[PDB]
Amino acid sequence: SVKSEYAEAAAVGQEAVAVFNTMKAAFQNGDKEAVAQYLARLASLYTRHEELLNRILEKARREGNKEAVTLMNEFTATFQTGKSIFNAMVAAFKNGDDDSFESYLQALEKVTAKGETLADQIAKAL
């Protein structure tokens, strides 16, 4: 069901959260070879999550679930903000700009924390 596909999508999202928090530690400790791997692992996790969210949204549209569609449109628009911050963070790592990498990391935490009451609302609306 769409609801189980959402639970699967949310788990993928939570793995990203876990790897992020590990990555952040590695950044603080100055372990760049670890950061590089975690950034690659997060990239593949975020691409997967984006694909599952687009399918959930498309299925809710085909099902005519107008509330779920509304909430998913808002939640995916936030997702595109988080991914933009993530990509810029990746570029700051390539460039060796630790000041920006710190700035982009905290922004991604706040944008993610904010978009959490909506994530719960979608679990109930589907």
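Numbers for residues come from their place in the sequence shown, where the first is 1. Between two forms, the rigid core is defined as the largest C-alpha subset superposing within 1.5 Å.
- Here 18-26 and 108-116 are scored by the root mean square distance of their C-alpha atoms in 9 other deposited structures of this protein, with each structure fitted by the rigid core; the higher score goes to 108-116.
- Per-stretch averaging of Cα B factors for 109-117 and 13-21 places 109-117 on top.
- Here the stretch with the larger average CA B-factor, out of 34-42 and 95-103, is 95-103.
- Residue-level temperature factors show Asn73 in the lowest third of its chain, judged at the C-alpha atom.
- Residue-level temperature factors show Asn65 in the highest third of its chain, judged at the C-alpha atom.
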